[PDB]
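Reading the structure
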Amino acid sequence: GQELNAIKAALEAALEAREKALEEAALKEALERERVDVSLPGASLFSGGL
Amino acid sequence: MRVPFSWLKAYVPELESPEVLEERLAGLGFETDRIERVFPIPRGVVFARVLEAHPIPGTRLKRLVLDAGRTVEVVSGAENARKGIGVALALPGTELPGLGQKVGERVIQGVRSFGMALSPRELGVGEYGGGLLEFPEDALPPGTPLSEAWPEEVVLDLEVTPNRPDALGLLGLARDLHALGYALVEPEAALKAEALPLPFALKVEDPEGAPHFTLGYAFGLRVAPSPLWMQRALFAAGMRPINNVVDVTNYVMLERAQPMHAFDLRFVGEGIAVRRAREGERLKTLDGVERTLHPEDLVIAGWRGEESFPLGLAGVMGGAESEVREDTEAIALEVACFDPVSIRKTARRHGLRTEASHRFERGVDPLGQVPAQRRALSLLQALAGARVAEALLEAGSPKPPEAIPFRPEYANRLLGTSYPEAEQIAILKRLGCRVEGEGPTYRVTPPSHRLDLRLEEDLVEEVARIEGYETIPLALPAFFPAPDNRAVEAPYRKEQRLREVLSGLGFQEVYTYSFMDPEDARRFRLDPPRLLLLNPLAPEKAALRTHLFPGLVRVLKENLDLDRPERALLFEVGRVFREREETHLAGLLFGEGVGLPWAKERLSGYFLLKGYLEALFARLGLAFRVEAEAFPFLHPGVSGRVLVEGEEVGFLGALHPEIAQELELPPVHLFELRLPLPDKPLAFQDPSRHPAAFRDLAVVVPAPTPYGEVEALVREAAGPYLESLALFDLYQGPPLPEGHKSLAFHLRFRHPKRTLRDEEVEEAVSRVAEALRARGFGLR
Amino acid sequence: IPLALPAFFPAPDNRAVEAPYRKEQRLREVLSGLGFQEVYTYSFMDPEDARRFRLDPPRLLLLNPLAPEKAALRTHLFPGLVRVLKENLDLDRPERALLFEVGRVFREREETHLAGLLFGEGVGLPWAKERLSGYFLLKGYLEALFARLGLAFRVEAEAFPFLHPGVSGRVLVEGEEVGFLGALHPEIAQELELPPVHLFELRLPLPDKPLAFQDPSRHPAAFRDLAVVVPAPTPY
RNA sequence: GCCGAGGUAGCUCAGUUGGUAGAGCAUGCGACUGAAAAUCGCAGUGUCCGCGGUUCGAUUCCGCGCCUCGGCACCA
Ligand SMILES: [Mg+2]
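Residues numbered from 1 in each chain as written, not as in the entry; some residues may be left out. Chains lettered and ligands numbered in written order. Part of a larger assembly, values for the part shown. Heavy atoms only, no water.

Deposited coordinates in this entry are attributed by the record to X-ray crystallography, at a stated resolution of 3.10 Å.

Right, dumping it as structure tokens:
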């Protein structure tokens, strides 16, 4: 039970903590960093016609 | 429906072969799913006569002494094994299909068993294996090979469409083959009745459920097994013989599609009462199944004095208790027409599907009961040596079919054929109609059994088929369509072109189930579906999609998991649901991007898509621009709405990071407009042949401002003579204030008739600088 | 005389007679897809251009030309595609241009041709100087093109008297050679006072590959990288 | 609406004297490269369908309902 305990007491606390920790660390950099002027001209692919 | 060739050939004597019959039934309106030979019985199986059945002490087995030409014994654990019946004796050295290893002399519990007495499964005539076959003890001379009296049969598997319940009876089916010119042989129920009173009374209490209900009376019955021809016939049709009486009921049923059932009078009481089950009442049907009854079930009950008990689930399946057995001498024969809906309901309510209900659901001859009673009563008299009574017990007086106005002129008009009147009237008369007519429009009244003939169009169909659809000639109609039909196909050619155009640029088309996972409503942050299902293939497919991307994206994940597309530009046009069904176009970009297979320099992401998209509507000659808008499913940093020809119709951005993270997906971009796209009529406009005065000019602007507002303003005040515009560079650098950026535009002016003087352009380039100031922008 | 409409089944040797047509049409439509602007150009040819673009003189000439400039019948589509360019850049100054033309050429036999033409800054970002263009931009579209048609495509350097020796090869559709792809010979651009330019001119009808469906395996694809040191002169 | 079988790591899936929840490409840092790859340790995104149990990490007894299938009864 010492392990039955620690095996649970650790896996859940640890593995998930680190996750959600970065789940809110990485997903945080983007949200802030990535800011574009959407209404800005984009790549100039050609446009045909007949 | 299983159709035993030879059984049919008994009514239709001159049939060519199982093959031709299928060709024939084909043109008649019935296709055969399969054909198959059925009773391969080795020379090793003979008929034998159970002289005596001796119980082997200590066992549950029996030593049978059989007259198999000479005398032999056999051991058998079959309950039904008794003295005085015939059996299918498989002699030692016989190869049985149903049990493959070679039968032989074997000692069992002390007796030299000389081969074994077969069972339905063991002979290969039926799936039953809980007893031996039971032949009439005098069936054949002891020892004669069984095949000699049980030839290989051929069974066709016919699809019988709902408009032909008359066809769930071979004699009915036969009537169609007749119309093609085949001789028809109807059995002549040869009754020898006796004018005497019936020991029971009828009391139909729900004439609504039993529109027509007749009871027969056969007594002094001698129950025994059926002759071989009967047993053989029933088996080929997918049914298992059970005796004298019970078998004739099933035989007739299959023959003329009229379910019937012999109730044993010992149980009938005073009389038979056709009523509804008293909410509560219990009944144990033939299948051994003990059931409870919903007060809506139409029951066939009996009453005794002041009592009333159920005897059978009317039209569906008889009751276990009153079934006829060997010790029965008199019966009450049920032959009725039951309300199709009542049966349907009940049948399913109890999860039952019988040959009986199946027919009563589809439809029974409203006036074919009585003829049926005689056919059964006759046969009972001939195989059970019964003494049939003379009077029946009727309840209900159905009205024969009405006349149908039939003009062979129209038949030929509607078919594009020119069948001579004569052939038509002739045919109709072969199918049993009464053609009381003089011409040109006859009074055709069909046979009580044709439920599928009410209209004059129904009749014309009868000619085409009996005459052969292959006789209707080919043709092509020529006419000018009514005016409100001109251009009705614009909406279509429009969208189609669309797809075609997309497929041009580089988009890969994709179709995705209209279904939506209610969960994705949260998973992609959308509003829950308004239209859901009451019977989803799976909760995952429980609702109706409100967007096209959730799917476009999912098909992506699914791709990257089976294969790992390095990149992917996709699109889908489909119907979305929400308040109203509406067509949508969806796109999706993802991966490295567009560039050089080598040189790391790639061109991609948001602006790559807006790239194609601008390039897209460019092709369609339609106004397009994006204007940042919050969309619960797109990176707040890259998310706006799409504006086609000025009107908003969708969105364009990158999938919300938090989301990609859940579906464990990389970054991704998309858009989803709504169709049909705006329609700009074209106004040609001669382009001036006079040089376009063009000048550059940067505009220092605050970092938060969107390029959209800038240009909108420049072009606006830039004057009419302004030809082009363009943004050749965006600079957010050193020689500029804090939180600022410069937009350098490449303008270009031009006059229609003559060249322009720089004094004019300035008076314009200026007007652009003035409003650029009145607003709040600089001008490097 | 009243109005009417005839109704009949056409004789059998008339079934599908319009394939050749729907084929080419689709073609144009597909090109117009990617981004090519269609262009029609007089079938006439200036005998001089025979030398001006280094081509063989015309076999079919005229006995009554509208003007010596329009004295012969064109043997190629580009001389014109290019000329309509010069003429553009002179009336207006297109910053760039991707063009195409489908027309009848004459020489030994009349034959349909497809011609293209790229020119200008290239494809990129209206701002960010980083542009994607030139020879490989065109081969870009073209590979993208036959990609759409589901047809084999590759170039193999070949000398063509009208293309930069440095950038000039033939085009191979489904294995069979049918034209060329490269940049206009510098010496030429210089005469028509034109910047650098790229083009190609295949011959129609393009090969016809019947499709053979092929279930793709649902079992993971073992994939590995590996460089190959090769001598600079060797072609990829 | 009955017998019977399967439903487990970007994927394909065996399994059961259990230390193996994994093997086969594939995938995550050092470091061999400019940029990779064949590499050596170092490791597991895995609710082994969902709600509840099960040993020291459970897949399996075991409960009912779900994605999958054969047959069956219908008939696309
Ligand atoms: Mg009909």
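Observations concerning the overall build of chain B
For chain B, the count of helices and strands is 20 helices and 40 strands. On the principal axes, the C-alpha backbone points of chain B span a range of 130 × 80 × 55 Å. Counting every position in chain B, which comprises 780 residues, the buried fraction comes to 51%. Here the contacts in chain B between residues at least 6 apart in sequence split such that 68% fall between residues at least 24 apart. Counting only carbon and sulfur atoms, one obtains 51% of the accessible surface of chain B, whose full area is about 37400 Å². When the 93 basic and 115 acidic side-chain charges of chain B are each reduced to a single mean position, those positions are 2 Å apart. (Helix = DSSP H or I, 4+ residues; strand = E, 2+ residues; numbered from the N terminus. Buried < 20%, exposed > 50% of the residue type's maximum accessible area, 1.4 Å probe, protein only. Contact = heavy atoms within 4.5 Å. Areas by Shrake-Rupley, 256 points an atom, 1.4 Å probe, with all protein chains shown as cover. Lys, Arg positive; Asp, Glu negative; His and termini not counted. Charge placed at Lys NZ, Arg CZ, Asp CG, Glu CD.)

Some points on the UniProt feature "domain: tRNA-binding" in chain B
Mapped onto the present numbering, the UniProt feature "domain: tRNA-binding" falls on residues 39-147 of chain B. What you have in residues 39-147 of chain B is 4% helix and 35% strand, and the ends, taken at the C-alpha atoms, are 8 Å apart. (UniProt positions renumbered as here; feature names shortened; annotations may be inferred.)

A word on the UniProt feature "domain: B5" in chain B
Per the UniProt record, "domain: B5" is found at residues 399-474 of chain B. Structurally, residues 399-474 of chain B comprises 39% helix and 13% strand, and the distance from its first C-alpha atom to its last is 41 Å.

Describing the protein's contact with RNA strand D
Around RNA strand D, the structure places 25 residues, and the nearest of them are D33, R353 and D561 of chain B together with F223 and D225 of chain C. Sugar and phosphate atoms represent 89% of those atoms of RNA strand D found within 4 Å of the protein. Measuring from a phosphate oxygen of RNA strand D, one finds a side-chain N or O atom of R218 of chain C at 2.7 Å. For the surface near RNA strand D, the secondary structure elements donating two or more residues are helix 1 (2-11) and helix 2 (13-23) of chain A together with helix 9 (355-362) and helix 16 (549-562) of chain B. Here the residues of the surface near RNA strand D sort into 11 nonpolar, two polar and 12 charged. (Near = heavy atom within 4 Å. Polar contact = N/O pair within 3.5 Å; in protein donor to acceptor, adjacent residues only side chain to side chain. Nonpolar A, V, L, I, M, F, W, Y, C, P; charged D, E, K, R; others polar.)

As for the interface of chain C and chain A
In this assembly, 21 residues from chain C lie in contact with 11 residues from chain A. Across the chain C to chain A interface the summed buried area is about 1200 Å²; carbon plus sulfur atoms make up 59%. Our enumeration of links across chain C and chain A arrives at zero salt bridges. Taken together, the connections running from chain C to chain A amount to seven residue pairs in polar contact. Of the residues forming the side of chain C that touches chain A, the biggest block, four residues, is contributed by helix 1 (residues 19-34) of chain C. (Buried area = accessible area lost by both parts, 1.4 Å probe. Salt bridge = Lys/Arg side-chain N within 4 Å of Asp/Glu carboxyl O.)

Observations concerning the side chain of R748 of chain B
Within the element layout of this structure, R748 of chain B appears in strand 40 (residues 748-749). Residues in contact with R748 of chain B, not counting those within four places in the same chain, are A692, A693, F694, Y721, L722, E723 and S724 of chain B together with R93 and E95 of chain C.

Topic: the packing of helix 1 of chain C against helix 4 (residues 135-149) of chain C
Residue and element names in this part refer to chain C. It is at 11 Å that the axes of helix 1 and helix 4 come closest, and there the two elements cross at 135 degrees. Classified by the angle their axes make, helix 1 and helix 4 are oblique. Our pair here, helix 1 against helix 4, has a crossing hand that is right-handed. Across the interface between the two elements, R26, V30, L31 and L34 from helix 1 touch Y141, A144, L145, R148 and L149 from helix 4. Of the residues contributing to the contact of helix 1 with helix 4, the split by class is seven nonpolar, no polar and two charged. (Axes fitted to C-alpha atoms, helices over the stretch in contact; angles between N-to-C directions. Parallel < 35°, antiparallel > 145°, perpendicular 65-115°, else oblique. Left-handed = near helix turned anticlockwise from the far one by under 90°.)

Observations concerning the interface of chain B and chain A
Across the contact, 30 residues belong to chain B and 19 residues belong to chain A. Here chain B packs against chain A, burying approximately 2000 Å² in sum over the two surfaces, 69% of which is carbon and sulfur. Where chain B meets chain A, there are zero salt bridges. Of all the elements in the fold, those that place two or more residues in the side of chain B that touches chain A are helix 17 (606-620), strand 32 (624-628), strand 33 (634-644), helix 18 (657-662), helix 19 (707-717) and strand 38 (727-731) of chain B. If you tally residues by element for the side of chain B that touches chain A, the top one is helix 17 of chain B, at 10 residues.

Side note on the sheet that holds strand 14 (residues 271-276) of chain B
Residues and elements named next belong to chain B. The strand order 11-14-17-18-19 describes an open sheet built from five strands, whose pairing is mixed. Every other strand in the sheet has two partners, leaving strand 11 (201-202) and strand 19 (317-318) as the edge strands with one partner each. With five bridges connecting them, strand 17 (residues 298-304) and strand 18 (residues 307-313) associate as antiparallel partners. The partner of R304 across the bridge, within strand 18, is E307. (Pairing = 2+ DSSP bridges.)

Some points on the sheet that holds strand 25 (residues 508-509) of chain B
All names here are of chain B. Reading across from one edge, 25-28-29-35-34-33-32 is the order of the seven strands in this open sheet, with mixed pairing throughout. Every interior strand has two partners, whereas the edge strands, strand 25 and strand 32, have only one. The strands touched by helix 14 (residues 490-505) within the sheet are strand 25, strand 28 (570-576) and strand 29 (582-589), with strand 28 carrying the most contacts at an inclination of about 160 degrees.

Quick notes on the pairing of strand 12 (residues 212-219) of chain B
Residue and element names in this part refer to chain B. Of all eight residues in strand 12, eight are buried, a share of seventy percent or more. Taking every second residue as pointing to the same face, both faces of strand 12 are buried, with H212, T214, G216 and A218 on one and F213, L215, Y217 and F219 on the other. Here strand 12 runs beside strand 20 (residues 331-337); their pairing, made up of seven bridges, is antiparallel. Within strand 20, the position partnered with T214 by the bridge is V335. Relative to strand 21 (residues 387-388), strand 12 is paired through two bridges, and the arrangement is antiparallel. Paired with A218 across the two strands is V388, which belongs to strand 21.

Comments concerning the pattern of salt bridges
This structure, assessed with the given rule, holds 89 salt bridges over all chains. With its nearest N and O atoms 2.9 Å apart, the salt bridge here joins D92 of chain C to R750 of chain B. Pair noted here: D92 of chain C is in the loop between helix 3 (78-91) and strand 4 (99-105) and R750 of chain B is in the loop between strand 40 and helix 20 (758-775), and the two residues belong to different chains. Using a relative accessible area of 24% as the deciding quantity, one classes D92 of chain C as partly exposed. With its nearest N and O atoms 3.2 Å apart, the salt bridge here joins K86 of chain C to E193 of chain C. Highlighted residues: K86 of chain C in helix 3 and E193 of chain C in the loop between helix 5 (186-191) and strand 11 (198-203), separated in sequence by 107 residues. Three or more residues joined by partner-sharing salt bridges are found here, namely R164, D166, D176, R450, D452, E462 and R465 of chain B.

Digging into the side chain of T328 of chain B
Tracing the chain through its elements places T328 of chain B in the loop between strand 19 and strand 20. Beyond its immediate sequence surroundings of up to four residues, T328 of chain B is in contact with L221, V223 and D264 of chain B.

With respect to unusual backbone geometry
Of note, the amide linkage connecting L675 of chain B to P676 of chain B takes the cis form, showing an omega dihedral of 0 degrees. By the element assignment, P676 of chain B lies in the loop between strand 35 (669-674) and strand 36 (696-702). That bond from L204 of chain C to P205 of chain C is cis: its omega, 0 degrees, falls within 30 degrees of zero. Tracing the chain through its elements places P205 of chain C in the segment after strand 11. Within the chain, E579 of chain B stands out as a residue other than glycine whose phi angle is a positive 70 degrees. Its place among the elements puts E579 of chain B in the loop between strand 28 and strand 29.

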